[PDB]
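Here the structure comes first, spelled out in structure tokens, and everything after it is commentary.
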Amino acid sequence: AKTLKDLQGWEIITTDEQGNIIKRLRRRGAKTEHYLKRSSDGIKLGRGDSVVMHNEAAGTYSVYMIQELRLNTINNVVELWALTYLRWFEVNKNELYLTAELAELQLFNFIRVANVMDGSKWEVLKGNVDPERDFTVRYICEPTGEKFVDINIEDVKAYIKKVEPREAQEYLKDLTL
Amino acid sequence: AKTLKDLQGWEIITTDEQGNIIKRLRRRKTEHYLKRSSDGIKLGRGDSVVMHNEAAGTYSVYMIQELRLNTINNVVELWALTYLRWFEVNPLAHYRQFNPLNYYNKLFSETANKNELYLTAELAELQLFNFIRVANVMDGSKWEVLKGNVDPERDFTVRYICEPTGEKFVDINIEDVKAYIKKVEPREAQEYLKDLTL
Amino acid sequence: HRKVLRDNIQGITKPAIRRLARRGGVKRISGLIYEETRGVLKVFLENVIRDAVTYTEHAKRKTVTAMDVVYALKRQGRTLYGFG
Amino acid sequence: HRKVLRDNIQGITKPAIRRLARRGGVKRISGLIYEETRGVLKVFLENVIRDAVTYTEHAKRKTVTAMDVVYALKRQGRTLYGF
Amino acid sequence: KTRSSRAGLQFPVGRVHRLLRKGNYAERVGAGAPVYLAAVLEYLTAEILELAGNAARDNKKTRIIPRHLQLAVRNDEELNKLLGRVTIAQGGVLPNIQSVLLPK
Amino acid sequence: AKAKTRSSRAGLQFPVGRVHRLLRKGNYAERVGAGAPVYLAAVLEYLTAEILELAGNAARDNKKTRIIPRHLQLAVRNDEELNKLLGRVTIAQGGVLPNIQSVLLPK
Amino acid sequence: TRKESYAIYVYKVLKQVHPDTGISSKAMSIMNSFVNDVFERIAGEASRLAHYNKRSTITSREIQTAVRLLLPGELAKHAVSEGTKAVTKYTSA
Amino acid sequence: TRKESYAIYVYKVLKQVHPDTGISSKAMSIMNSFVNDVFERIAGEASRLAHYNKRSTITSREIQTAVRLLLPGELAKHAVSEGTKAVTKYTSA
Amino acid sequence: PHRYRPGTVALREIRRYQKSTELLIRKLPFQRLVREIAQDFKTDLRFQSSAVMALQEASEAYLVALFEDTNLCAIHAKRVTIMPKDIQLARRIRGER
Amino acid sequence: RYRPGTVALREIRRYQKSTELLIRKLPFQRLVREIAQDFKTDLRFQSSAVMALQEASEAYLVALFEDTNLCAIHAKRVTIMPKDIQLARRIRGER
DNA sequence: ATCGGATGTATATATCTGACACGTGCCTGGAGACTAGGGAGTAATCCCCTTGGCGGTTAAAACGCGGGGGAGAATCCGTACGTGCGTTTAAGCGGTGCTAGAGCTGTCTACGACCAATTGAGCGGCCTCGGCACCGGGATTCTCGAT
DNA sequence: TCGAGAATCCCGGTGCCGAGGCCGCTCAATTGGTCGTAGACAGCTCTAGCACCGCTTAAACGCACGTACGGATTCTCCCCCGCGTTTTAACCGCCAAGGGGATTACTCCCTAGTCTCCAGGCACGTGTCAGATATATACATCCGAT
């Protein structure tokens, strides 16, 4: 969000490590995590969560993975940093591809929250598939659309949730060379 | 001088080696002095002057050592080493270093010379509205060769260098002091004359 | 989809660090020196570029100009001439 | 006429310099260290006091106050708190 | 009802505004700058005072002397980076002896 | 009557009116006396003349009729006081002075 | 004459973070010098920011950018946060 | 639009010091940066001087004291000279 | 087969790279490095040519000065070979670590 | 009697846990006045002024001694030498 | 290694004391209520300059190998520095006494801000030529292995 | 310390693009006033900086003794330099698209300004309690004897 009137439907929730927090004094060795809750139905977006956004620049829609949550930058009250996915037409139409290319998302383009699984979970759950909600991610490649390296997407979710962004980004960069 | 009109009767002249100037850029040391225009009286480094000390009430002789220019309070500052009058010395120190307090005062005031000054390593800023005339300083030999024609206001002699407290006298050539003041920068000359008596 | 930039710190080649040291009057260079120099240069550039992007963002611009680098350097006590 | 203050840099005694070095984590001290330290301290105080006296004279005062010293120290990149 | 009371702070928003207006920093000063500036100063004072109080209680002293301030500042990385070229009077130094100089 | 620039009254080349404007509107003080711009412009012109003299000597030593930044770096770093004034300053395209330690020399 | 400081405010802050803790007069002067130093740093940086962009006003935006330039690490985070809270209250009351 | 500089003045001073000597654009921009840096330094020091003495005006005395604070050694002396001359001419006209 | 002794070509390179002012790092790798460092602050940034040129000027200046200090630190240990310990000491005295 | 070095380490710990000034007040005040005598004649100093001067000087010298100790250890030594101070002041930029 | 003596230190408790925390009068600075002139928000448009691409050259980078020499380890010697102990010195203190000068005040004047008319100084654009870059050819100055 | 080989240096020739001079042409510097207040300045108050005296005793100085540390010295291993060969991607010239940097114009929001009103915070004063100081008592540590 740029202004304060651009996130009226949302709310910023702060957590110590896993429990809820609502405080000021910089505590020693306690890094605070942030996420944002849409009050319309209490939808929570934090690090690791993959979302679907309306990409009006391409005419289609794009899928991202929230990596970092900058609060109160010197231009945007909230900056949503996310890794980009490569859709099917940039290389099964519900198989995505992770990239280290980052992007800044604005909340007014949010649609739903993508359910990303691997190959085993994709074969296990074939009869109950939703085209606009469930996706599978097996590889990670470059933004150009080549050099595919298979990786468990659940482990990547956990690692983005755990380690700091400035380290995981460089980690994902050197995974394809 | 504090303001410009405080030196209105004077003029600042600078010479580099011999010639005069009426420079801007630096070059590979300029000397400054001030001339009274009513009679062309030149005060430079090493020159001895007499000042009206309105604190003691009498007068006091000084030796110009440095000529600071364009300070943040004075347009021209006149730094000078101080001399010691015959009544500003310690009689006990001279009677113990060379050989009841009133008796030594008697001995000194009767036997000493009225115009024998002594240098000091302490300096005092001078102002031109207390200047009288330029002093002529002799050494040990020239004071004895010139005994008959001695102006009591223009002729003085200095043989020893001592501390301002008036003790620990050390003799040195006063003409060599006049030369050494003009030769080297004041930062080193003041230090040298300071450690001559410790 | 812009071109992915990775391992560009390796672009500071060994002969480049060698030339920089030769200008600094260094006769012999240990092996581990080059990696250390790459790290130190990364730290320096990170600080300067973070401050310059702060200046650019404050001006509500998307193009980092030379004046931003100059202001960041002068803020860090590294005043640079020749760019304004 | 005050007694001439001469070679007061020698007043920075050897035990005082030794204490300063002990605070700085020094175990063994050479001989030339003492005169070297006297010179270093003399240059330091020369610069700082020259700036402080410039500040005092600009205020048309004859007394060097604490604010002059704090301003000089700040001007030389050695900001001092407490005064 | 002072502006410091309206913004829920303890530092004087009015005095900070006066200092910004008459400190020769710019022709005009917005009415939101003193609030933000006083809030930041309050946070910094709070951080230093809380770390100094911790160090003082660890020294079994209920009053904060400059030594507690120096300990709190030099033991905190970001505070020490904030006061790099700054000297705290009556603060001494942190106890640190090199591992080379330990006896054998 | 007729106009007359203050730079002519002071006998300088640097602009006295521009320095006066930069001082009054530069957020330095409430007001600026009429003597500050003259003094400041004079000091700036003197320092510029010093730099330019040393750099022109450095340019003539290479038998070049135009001053390049290398000449400025030579002029600044070979002068003690100018190098002390421009201590924390980087002159772009200036290079370093020809200097090699004693121990690194061949034996 | 009266020469003011930041004593009472630092005392309030100290009693808020540590209710049973006093402070010496020397440490008081140190805290006052620290406050004034940080103030002049932030104000100079905001002034430079306004001057670079040909603006004539020190808004809160310049203060926030100056804080992000001067305060390092997590201090820069929390401080910004605190700066945003006060403003939010001030525009409400 | 117009953005001014010290190019013509630096060129005048150069032709004074070296009549038939030129200067490249990079060196010209370096000279402009130097002039602006010295300006900022002296004007800031004079500003802080006047602010210390509860003064509201920047007189040439503040510039002189700032010069003696900043410029080292003989560079100060000559500079003060070159300042005073200018002033004494301007105050005469 | 003519062959120079170890250290001769080193001193010749010192003299060769001390009398010139050209940038000693390759330009395009440096520009890509600057962009890779800046992409972590704001996405899709643009740079004036003068911006990356000033960055490279300042970077090479800082590295040359640090190398001078590091060589002084190596000589102080009675050595002619700069080592990471010398760089660490140099940046410790400067206050950079 | 202790080995040479034990009393020195005890001095280190003592002077690191304390914050008192390590230089005598009156000789330092005389030094300050002597130095100022070459700048302006007949100057006066508040007690707080000379005290701030002494605090600044002591901080400067102790920090310089820490850097000098590092300079000595870098050369595989445990004794500080004048070349260590000179190198430290050179790296700092004071030289 | 293990154990006793000696040394200085961490530690427990108690005792002054002067520095700190709070009470009080008050006055000068901050708030409330308006107004106004301009700075800043915001949209529209020109156009500059940033991004990107492609092909060919080749100069720089990368790799590898011989080997000189530099870093590092281990040794030996002299001496410089640490550690106590007794003697010498003056720092520190705790008062008094004074007076120079910091500090506050009450004018009153000269000097600087502010605005309107005028222009020529300093800006941007436009050639255009010569100082300098580029390249080659021959001379000079090293470097290094040995008669 | 004498020649063969190899870097650099200096000079002649050619071409190029950037430094310089000049042309209008906006706009900011000048001129010419008026008016407001900042500070120059003499005067009074009175703060505190200078000077001093003697006493106590902690600090500094000098000296004896010994040891451990710095510095010189020899030897050795491997690592970094010189140089040759192969590979690569920097670099230059030329072209095209358009993103976003400036500039302009209109509007209106905001902050300086003032006048009045009042209370927040400071100078002053006072009592009293946490820390500097002290004495003594375990206790860790050092260091040599065994």
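By convention here, the chains of the structure tokens are called A, B, ... in the order presented, each chain's residues are numbered starting at 1, and ligands are numbered starting at 1 in the order presented.
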Exercise. Find the residues around residue 56 (chain G) up to 6 Å (only C-alpha atoms (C1' of nucleotides) counted), leave out those fewer than 5 positions away in its own chain, and share them as a ChimeraX atom specification.
Key: /E:26-28
Quiz item: Leaving out region 24-34 of chain K and any residue of its chain fewer than 6 positions from it, which residues lie within 9 Å of it when counting only C-alpha atoms (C1' of nucleotides), given as a PyMOL selection string?
Solution: (chain E and resi 1-3+14-15) or (chain L and resi 117-118+120+124-125)
Exercise. Show which residues sit within 7 Å of region 46-59 of chain C, as a list in words. Count only C-alpha atoms (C1' of nucleotides), and ignore same-chain residues fewer than 4 positions away.
Key: residues 74 and 75 of chain A; 42, 64, 68, 69, 72 and 73 of chain C; 53 and 69 of chain G; 37, 38 and 41 of chain I
Quiz item: Taking the backbone alone, and naming residues the way the document does, which bits of chain G are alpha helix (DSSP H) by DSSP, as a VMD selection string?
Solution: chain G and resid 7 to 17 25 to 52 60 to 70 74 to 92
File of the preceding selection, C-alpha atoms, as a PDB file, in the first residue's frame:
ATOM      1  CA  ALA G   7      15.632  16.972  31.979  1.00  0.00           C
ATOM      2  CA  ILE G   8      11.979  16.524  32.944  1.00  0.00           C
ATOM      3  CA  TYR G   9      11.152  14.564  29.771  1.00  0.00           C
ATOM      4  CA  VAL G  10      14.088  12.168  30.151  1.00  0.00           C
ATOM      5  CA  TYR G  11      13.019  11.715  33.765  1.00  0.00           C
ATOM      6  CA  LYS G  12       9.469  10.837  32.702  1.00  0.00           C
ATOM      7  CA  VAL G  13      10.820   8.370  30.126  1.00  0.00           C
ATOM      8  CA  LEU G  14      13.131   6.794  32.716  1.00  0.00           C
ATOM      9  CA  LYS G  15      10.291   6.411  35.216  1.00  0.00           C
ATOM     10  CA  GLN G  16       8.251   4.817  32.429  1.00  0.00           C
ATOM     11  CA  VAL G  17      10.829   2.221  31.386  1.00  0.00           C
ATOM     12  CA  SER G  25      23.369  14.733  37.223  1.00  0.00           C
ATOM     13  CA  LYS G  26      26.367  13.879  35.030  1.00  0.00           C
ATOM     14  CA  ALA G  27      24.416  11.097  33.319  1.00  0.00           C
ATOM     15  CA  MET G  28      21.546  13.591  33.047  1.00  0.00           C
ATOM     16  CA  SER G  29      23.798  16.026  31.176  1.00  0.00           C
ATOM     17  CA  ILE G  30      25.036  13.146  29.010  1.00  0.00           C
ATOM     18  CA  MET G  31      21.454  12.237  28.092  1.00  0.00           C
ATOM     19  CA  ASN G  32      20.672  15.884  27.317  1.00  0.00           C
ATOM     20  CA  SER G  33      23.724  16.149  25.047  1.00  0.00           C
ATOM     21  CA  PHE G  34      22.699  12.900  23.322  1.00  0.00           C
ATOM     22  CA  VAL G  35      19.179  14.218  22.696  1.00  0.00           C
ATOM     23  CA  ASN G  36      20.434  17.526  21.283  1.00  0.00           C
ATOM     24  CA  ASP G  37      23.046  15.760  19.132  1.00  0.00           C
ATOM     25  CA  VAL G  38      20.525  13.369  17.585  1.00  0.00           C
ATOM     26  CA  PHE G  39      18.153  16.302  17.064  1.00  0.00           C
ATOM     27  CA  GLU G  40      20.680  18.402  15.174  1.00  0.00           C
ATOM     28  CA  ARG G  41      21.768  15.406  13.082  1.00  0.00           C
ATOM     29  CA  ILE G  42      18.218  14.521  12.019  1.00  0.00           C
ATOM     30  CA  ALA G  43      17.344  18.182  11.422  1.00  0.00           C
ATOM     31  CA  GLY G  44      20.424  18.779   9.281  1.00  0.00           C
ATOM     32  CA  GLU G  45      19.713  15.668   7.226  1.00  0.00           C
ATOM     33  CA  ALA G  46      16.075  16.687   6.706  1.00  0.00           C
ATOM     34  CA  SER G  47      17.245  20.179   5.746  1.00  0.00           C
ATOM     35  CA  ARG G  48      19.595  18.706   3.145  1.00  0.00           C
ATOM     36  CA  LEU G  49      16.782  16.502   1.826  1.00  0.00           C
ATOM     37  CA  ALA G  50      14.464  19.487   1.382  1.00  0.00           C
ATOM     38  CA  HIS G  51      17.258  21.577  -0.141  1.00  0.00           C
ATOM     39  CA  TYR G  52      18.189  18.901  -2.687  1.00  0.00           C
ATOM     40  CA  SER G  60       7.420  14.612   8.487  1.00  0.00           C
ATOM     41  CA  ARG G  61       8.397  12.718   5.324  1.00  0.00           C
ATOM     42  CA  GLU G  62      11.822  14.378   5.364  1.00  0.00           C
ATOM     43  CA  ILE G  63      12.158  13.470   9.058  1.00  0.00           C
ATOM     44  CA  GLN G  64      11.352   9.822   8.323  1.00  0.00           C
ATOM     45  CA  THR G  65      13.820   9.688   5.430  1.00  0.00           C
ATOM     46  CA  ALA G  66      16.487  11.321   7.611  1.00  0.00           C
ATOM     47  CA  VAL G  67      15.842   8.729  10.322  1.00  0.00           C
ATOM     48  CA  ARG G  68      16.172   5.898   7.813  1.00  0.00           C
ATOM     49  CA  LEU G  69      19.451   7.487   6.700  1.00  0.00           C
ATOM     50  CA  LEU G  70      20.890   8.067  10.183  1.00  0.00           C
ATOM     51  CA  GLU G  74      16.466  -2.385  14.070  1.00  0.00           C
ATOM     52  CA  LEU G  75      16.649   1.076  15.665  1.00  0.00           C
ATOM     53  CA  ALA G  76      15.639   2.442  12.248  1.00  0.00           C
ATOM     54  CA  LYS G  77      12.639   0.093  12.215  1.00  0.00           C
ATOM     55  CA  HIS G  78      11.138   0.711  15.667  1.00  0.00           C
ATOM     56  CA  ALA G  79      11.857   4.455  15.527  1.00  0.00           C
ATOM     57  CA  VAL G  80       9.985   4.795  12.230  1.00  0.00           C
ATOM     58  CA  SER G  81       7.160   2.767  13.784  1.00  0.00           C
ATOM     59  CA  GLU G  82       7.069   5.073  16.806  1.00  0.00           C
ATOM     60  CA  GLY G  83       7.157   8.129  14.559  1.00  0.00           C
ATOM     61  CA  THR G  84       4.126   6.788  12.710  1.00  0.00           C
ATOM     62  CA  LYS G  85       2.168   6.118  15.916  1.00  0.00           C
ATOM     63  CA  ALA G  86       2.476   9.659  17.310  1.00  0.00           C
ATOM     64  CA  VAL G  87       1.441  11.213  13.981  1.00  0.00           C
ATOM     65  CA  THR G  88      -1.546   8.837  13.857  1.00  0.00           C
ATOM     66  CA  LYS G  89      -2.623   9.983  17.328  1.00  0.00           C
ATOM     67  CA  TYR G  90      -1.852  13.650  16.628  1.00  0.00           C
ATOM     68  CA  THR G  91      -4.063  13.770  13.527  1.00  0.00           C
ATOM     69  CA  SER G  92      -6.800  12.036  15.547  1.00  0.00           C
TER      70      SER G  92
END
Name the residues of chain G that fall into strand (DSSP E or B) according to DSSP on the backbone, using the chain letters and numbers of this document, as an mmCIF file with N, CA, C and O atoms, in the first residue's frame.
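So the final result, stored in result_29.cif, reads:
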data_model
loop_
_atom_site.group_PDB
_atom_site.id
_atom_site.type_symbol
_atom_site.label_atom_id
_atom_site.label_comp_id
_atom_site.auth_asym_id
_atom_site.auth_seq_id
_atom_site.Cartn_x
_atom_site.Cartn_y
_atom_site.Cartn_z
ATOM 1 N N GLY G 22 16.856 5.906 39.462
ATOM 2 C CA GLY G 22 17.258 7.288 39.331
ATOM 3 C C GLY G 22 18.418 7.450 38.359
ATOM 4 O O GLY G 22 18.929 6.494 37.782
ATOM 5 N N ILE G 23 18.834 8.703 38.187
ATOM 6 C CA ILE G 23 19.911 9.048 37.265
ATOM 7 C C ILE G 23 20.746 10.169 37.872
ATOM 8 O O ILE G 23 20.212 11.090 38.500
ATOM 9 N N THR G 57 10.025 23.171 2.754
ATOM 10 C CA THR G 57 9.316 22.712 3.942
ATOM 11 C C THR G 57 9.955 21.438 4.473
ATOM 12 O O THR G 57 10.260 20.523 3.701
ATOM 13 N N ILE G 58 10.159 21.384 5.789
ATOM 14 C CA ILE G 58 10.594 20.161 6.465
ATOM 15 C C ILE G 58 9.320 19.451 6.909
ATOM 16 O O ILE G 58 8.801 19.681 8.000
#
Closest atom pairs, chain I residues within 12 Å of chain J, only C-alpha atoms, as JSON lines:
{"residue": "I:65", "atom": "CA", "partner": "J:91", "partner_atom": "CA", "distance": 9.9}
{"residue": "I:66", "atom": "CA", "partner": "J:91", "partner_atom": "CA", "distance": 9.2}
{"residue": "I:67", "atom": "CA", "partner": "J:91", "partner_atom": "CA", "distance": 11.2}
{"residue": "I:68", "atom": "CA", "partner": "J:91", "partner_atom": "CA", "distance": 9.4}
{"residue": "I:69", "atom": "CA", "partner": "J:91", "partner_atom": "CA", "distance": 6.2}
{"residue": "I:70", "atom": "CA", "partner": "J:91", "partner_atom": "CA", "distance": 9.1}
{"residue": "I:71", "atom": "CA", "partner": "J:91", "partner_atom": "CA", "distance": 11.0}
{"residue": "I:72", "atom": "CA", "partner": "J:87", "partner_atom": "CA", "distance": 7.8}
{"residue": "I:73", "atom": "CA", "partner": "J:87", "partner_atom": "CA", "distance": 7.9}
{"residue": "I:74", "atom": "CA", "partner": "J:75", "partner_atom": "CA", "distance": 8.8}
{"residue": "I:75", "atom": "CA", "partner": "J:75", "partner_atom": "CA", "distance": 9.3}
{"residue": "I:76", "atom": "CA", "partner": "J:75", "partner_atom": "CA", "distance": 6.5}
{"residue": "I:77", "atom": "CA", "partner": "J:75", "partner_atom": "CA", "distance": 4.3}
{"residue": "I:78", "atom": "CA", "partner": "J:75", "partner_atom": "CA", "distance": 7.5}
{"residue": "I:79", "atom": "CA", "partner": "J:75", "partner_atom": "CA", "distance": 9.4}
{"residue": "I:83", "atom": "CA", "partner": "J:74", "partner_atom": "CA", "distance": 11.4}
{"residue": "I:84", "atom": "CA", "partner": "J:74", "partner_atom": "CA", "distance": 11.8}
{"residue": "I:85", "atom": "CA", "partner": "J:74", "partner_atom": "CA", "distance": 8.1}
{"residue": "I:86", "atom": "CA", "partner": "J:74", "partner_atom": "CA", "distance": 8.1}
{"residue": "I:87", "atom": "CA", "partner": "J:91", "partner_atom": "CA", "distance": 11.3}
{"residue": "I:88", "atom": "CA", "partner": "J:74", "partner_atom": "CA", "distance": 10.4}
{"residue": "I:89", "atom": "CA", "partner": "J:70", "partner_atom": "CA", "distance": 7.8}
{"residue": "I:90", "atom": "CA", "partner": "J:91", "partner_atom": "CA", "distance": 6.7}
{"residue": "I:91", "atom": "CA", "partner": "J:91", "partner_atom": "CA", "distance": 8.9}
{"residue": "I:92", "atom": "CA", "partner": "J:67", "partner_atom": "CA", "distance": 8.3}
{"residue": "I:93", "atom": "CA", "partner": "J:67", "partner_atom": "CA", "distance": 6.2}
{"residue": "I:94", "atom": "CA", "partner": "J:92", "partner_atom": "CA", "distance": 5.4}
{"residue": "I:95", "atom": "CA", "partner": "J:92", "partner_atom": "CA", "distance": 8.4}
{"residue": "I:96", "atom": "CA", "partner": "J:92", "partner_atom": "CA", "distance": 11.0}
Using the selection just defined, write its residues with C-alpha atoms as a compact mmCIF listing (two decimals), in the first residue's frame.
# COMPACT_ATOMS: atom_id res chain seq x y z
CA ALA I 65 43.46 3.67 -0.35
CA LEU I 66 42.63 0.50 1.59
CA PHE I 67 45.36 -1.33 -0.34
CA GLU I 68 47.89 1.36 0.59
CA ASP I 69 46.96 1.00 4.27
CA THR I 70 47.00 -2.81 3.95
CA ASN I 71 50.48 -2.76 2.40
CA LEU I 72 51.63 -0.54 5.26
CA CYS I 73 50.18 -3.08 7.70
CA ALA I 74 51.95 -5.94 5.90
CA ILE I 75 55.27 -4.06 5.96
CA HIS I 76 54.70 -3.36 9.67
CA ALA I 77 54.79 -7.14 10.22
CA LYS I 78 58.13 -7.25 8.34
CA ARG I 79 56.38 -8.76 5.30
CA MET I 83 47.26 -10.79 3.80
CA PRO I 84 43.60 -10.76 4.89
CA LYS I 85 44.82 -10.08 8.43
CA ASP I 86 46.34 -6.82 7.15
CA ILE I 87 43.05 -5.76 5.53
CA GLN I 88 41.20 -6.66 8.73
CA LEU I 89 43.62 -4.59 10.83
CA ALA I 90 43.42 -1.65 8.42
CA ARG I 91 39.61 -1.63 8.54
CA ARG I 92 39.69 -2.07 12.33
CA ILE I 93 41.83 1.04 12.86
CA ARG I 94 39.77 3.08 10.39
CA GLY I 95 36.68 2.12 12.40
CA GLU I 96 34.97 0.16 9.62
Self-check item: Exercise: residue 3 (chain D) partners within 9 Å, only C-alpha atoms (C1' of nucleotides), chain neighbours under 4 positions left out, as a PyMOL selection string
Solution: chain B and resi 163-165
Quiz item: Using only C-alpha atoms (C1' of nucleotides), which residues sit within 12 Å of residue 83 (chain F) once same-chain residues fewer than 6 positions away are excluded, as a PyMOL selection string?
Solution: (chain F and resi 51+72-77+89-91+97) or (chain H and resi 71-73+75) or (chain J and resi 93+95)
Practice problem: Write out as JSON, numbers by chain every residue belonging to chain F that has an atom at most 7 Å from any atom of chain I, counting only C-alpha atoms. | Solution: {"F": [70, 92, 93, 94, 95, 96, 97, 98, 104]}
Quiz item: Counting only C-alpha atoms, which residues from chain A have an atom at most 12 Å from any atom of chain E, and could you show them as number ranges by chain?
Solution: A: 23-29
Write the residues of the preceding selection, restricted to C-alpha atoms, as an mmCIF file, in the first residue's frame.
data_model
loop_
_atom_site.group_PDB
_atom_site.id
_atom_site.type_symbol
_atom_site.label_atom_id
_atom_site.label_comp_id
_atom_site.auth_asym_id
_atom_site.auth_seq_id
_atom_site.Cartn_x
_atom_site.Cartn_y
_atom_site.Cartn_z
ATOM 1 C CA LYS A 23 5.702 -3.948 21.932
ATOM 2 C CA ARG A 24 8.037 -0.996 21.349
ATOM 3 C CA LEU A 25 11.366 -1.516 23.084
ATOM 4 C CA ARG A 26 13.900 -3.328 20.916
ATOM 5 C CA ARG A 27 14.331 -6.617 22.774
ATOM 6 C CA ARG A 28 17.626 -8.498 22.635
ATOM 7 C CA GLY A 29 17.654 -11.477 20.281
#
Quiz item: Mind listing as a ChimeraX atom specification which residues of chain I are within 8 Å of chain L, counting only C-alpha atoms (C1' of nucleotides)?
Solution: /I:2-7,9,26,28
Could you build a table of the residues in chain L lying no more than 12 Å from chain D, giving for each the nearest pair of atoms and their separation in Å rounded to one decimal place, using only C-alpha atoms (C1' of nucleotides), ordered by chain and ascending residue number, as a Markdown table?
| residue | atom | partner | partner_atom | distance |
| --- | --- | --- | --- | --- |
| L:48 | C1' | D:63 | CA | 11.2 |
| L:49 | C1' | D:63 | CA | 9.0 |
| L:50 | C1' | D:2 | CA | 11.2 |
| L:51 | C1' | D:2 | CA | 10.3 |
| L:59 | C1' | D:15 | CA | 9.0 |
| L:60 | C1' | D:15 | CA | 7.7 |
| L:61 | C1' | D:14 | CA | 9.8 |
| L:68 | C1' | D:28 | CA | 11.4 |
| L:69 | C1' | D:28 | CA | 9.7 |
| L:70 | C1' | D:30 | CA | 10.7 |
Quiz prompt | Interface, chain E side, toward chain J (6 Å; only C-alpha atoms) as a ChimeraX atom specification | solution = /E:90-92,95
Quiz prompt | Neighbours of chain I in chain K at 10 Å, counting only C-alpha atoms (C1' of nucleotides), as a count of residues only | solution = 12
Exercise. Please identify every residue of chain D that has at least one atom no more than 12 Å from any atom of chain H, counting only C-alpha atoms, and report them as number ranges by chain.
Key: D: 47-61, 67-68, 70-72, 74-76
Kindly export the residues of the current selection with C-alpha atoms, as a PDB file, in the first residue's frame.
ATOM      1  CA  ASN D  47      44.687  21.792  17.715  1.00  0.00           C
ATOM      2  CA  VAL D  48      41.745  21.494  20.120  1.00  0.00           C
ATOM      3  CA  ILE D  49      42.769  24.504  22.227  1.00  0.00           C
ATOM      4  CA  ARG D  50      43.475  26.651  19.168  1.00  0.00           C
ATOM      5  CA  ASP D  51      39.934  26.018  17.948  1.00  0.00           C
ATOM      6  CA  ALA D  52      38.477  26.635  21.416  1.00  0.00           C
ATOM      7  CA  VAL D  53      40.342  29.942  21.735  1.00  0.00           C
ATOM      8  CA  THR D  54      39.116  30.932  18.273  1.00  0.00           C
ATOM      9  CA  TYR D  55      35.567  30.304  19.508  1.00  0.00           C
ATOM     10  CA  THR D  56      36.262  32.298  22.689  1.00  0.00           C
ATOM     11  CA  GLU D  57      37.725  35.274  20.807  1.00  0.00           C
ATOM     12  CA  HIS D  58      34.844  35.250  18.317  1.00  0.00           C
ATOM     13  CA  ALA D  59      32.474  35.662  21.273  1.00  0.00           C
ATOM     14  CA  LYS D  60      34.564  38.660  22.419  1.00  0.00           C
ATOM     15  CA  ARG D  61      35.411  36.958  25.709  1.00  0.00           C
ATOM     16  CA  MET D  67      31.054  25.338  25.397  1.00  0.00           C
ATOM     17  CA  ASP D  68      34.100  26.475  23.416  1.00  0.00           C
ATOM     18  CA  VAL D  70      32.740  21.149  23.250  1.00  0.00           C
ATOM     19  CA  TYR D  71      32.330  23.084  19.998  1.00  0.00           C
ATOM     20  CA  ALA D  72      35.992  22.553  19.049  1.00  0.00           C
ATOM     21  CA  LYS D  74      32.614  18.502  17.770  1.00  0.00           C
ATOM     22  CA  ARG D  75      34.270  20.430  14.932  1.00  0.00           C
ATOM     23  CA  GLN D  76      37.133  17.917  14.960  1.00  0.00           C
TER      24      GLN D  76
END
What are the residues of chain E that have an atom within 12 Å of an atom of chain H, counting only C-alpha atoms, as a short mmCIF file (atom, residue, chain, number, x, y, z; two decimals) with N, CA and C atoms, in the first residue's frame?
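Saved as selection16.cif:
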data_model
loop_
_atom_site.label_atom_id
_atom_site.label_comp_id
_atom_site.auth_asym_id
_atom_site.auth_seq_id
_atom_site.Cartn_x
_atom_site.Cartn_y
_atom_site.Cartn_z
N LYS E 22 13.27 28.00 14.25
CA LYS E 22 14.28 29.02 14.47
C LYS E 22 15.70 28.47 14.42
N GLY E 23 15.88 27.23 13.99
CA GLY E 23 17.20 26.65 13.89
C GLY E 23 17.88 26.82 12.54
N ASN E 24 17.28 27.58 11.63
CA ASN E 24 17.81 27.81 10.28
C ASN E 24 18.03 26.49 9.54
N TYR E 25 16.95 25.72 9.43
CA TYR E 25 16.97 24.48 8.68
C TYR E 25 16.20 24.56 7.37
#
